[PDB]
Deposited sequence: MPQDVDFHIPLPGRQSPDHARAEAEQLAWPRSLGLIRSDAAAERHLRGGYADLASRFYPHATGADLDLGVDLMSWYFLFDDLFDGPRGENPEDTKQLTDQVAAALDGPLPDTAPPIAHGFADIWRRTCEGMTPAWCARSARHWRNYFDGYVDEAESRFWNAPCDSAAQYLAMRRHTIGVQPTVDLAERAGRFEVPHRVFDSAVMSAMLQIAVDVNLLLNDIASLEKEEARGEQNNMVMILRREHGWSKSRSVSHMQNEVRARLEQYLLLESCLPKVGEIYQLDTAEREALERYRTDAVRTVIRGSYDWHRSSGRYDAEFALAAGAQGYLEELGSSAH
């Protein structure tokens, strides 16, 4: 991974305060669960996904990593074995994208809603709508994988890389030009980011894509990622980006796409 390792300078404070949010939302209710949460290294992971964020912006990234693993743990048992029960929970979480949740919603849903509320604020409506679709793809992917009980079609959505990348924009208080986000070149870059994350995850998860060749695919995809990066100057002219748009595209390349590729590696 020819990308620099980066970590937010506010990582220590973010890690020290990481428990206050999931406790106030009822996601962590016992001292033992708090310690199990601390052992995951989730604030550390967030500080590497979002080295450009500090303070509340980084706290939102910490909470997303916190929520990710608290959420995924709810499907480790029987619920993850049938799609109907998986969907019953995911629909309650995903409903937060469409409006306020009933007070009766499970705590994991109110926690997501508090993340999503903070994610959207200050971003363009079109960015919000696109990020909301990425979430729905993520929740729909959990139902697809439960219905299963080249696996990339399901895993590319359940790995949660795109909402991670989305949050890097919000945490950096910038948006990549929407027409460049939809570009075939950026789409290929994001697909590499997703594929590298799920490959590195299945390797560290031997306790699955294993069914040597995976390490070469990570290397081939990262070499292609560099080629795709070299096309970005011409992509910017094709879409007639102005100066601020070229800078936002550059921030997206370095603080969102590169970070999500490198950060998971350094965290593992």
Parts of the chain sequence, as deposited, that carry no C-alpha coordinates in this structure: 1 to 8, 158 to 167, 226 to 234, 239 to 252, 310 to 337
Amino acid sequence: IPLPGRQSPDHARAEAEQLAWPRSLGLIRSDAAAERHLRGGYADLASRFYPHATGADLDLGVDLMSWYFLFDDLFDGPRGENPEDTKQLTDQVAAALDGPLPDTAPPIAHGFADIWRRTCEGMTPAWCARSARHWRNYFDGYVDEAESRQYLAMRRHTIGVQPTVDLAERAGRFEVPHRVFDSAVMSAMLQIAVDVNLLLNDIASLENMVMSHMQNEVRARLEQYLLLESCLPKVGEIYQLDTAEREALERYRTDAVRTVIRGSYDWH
From here on, numbers count along this sequence of modelled residues.
Stretch exceeding the other in mean C-alpha B-factor - 90 to 98, 167 to 175: 90 to 98
Higher of the two mean Cα B-factors (79 to 87, 117 to 125; per PDB record) comes from 79 to 87
Looking at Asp31, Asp63, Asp57, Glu217, which has the biggest Cα B factor in the entry? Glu217
Peak C-alpha temperature factor (PDB record), options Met186, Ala105, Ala132, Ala193: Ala105
Taking the C-alpha B-factors as the PDB entry records them, is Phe139 in the lowest, middle or highest third of its chain? middle
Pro4: CA B-factor among chain residues, third -> middle
Going by the entry, which third of its chain does the Cα temperature factor of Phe112 land in? middle
Position of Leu222 among the chain's modelled residues by C-alpha B-factor, lowest, middle or highest third: middle
Would you check the entry's CA temperature factor for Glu35 and let me know if it's in the chain's lowest, middle or highest third? lowest
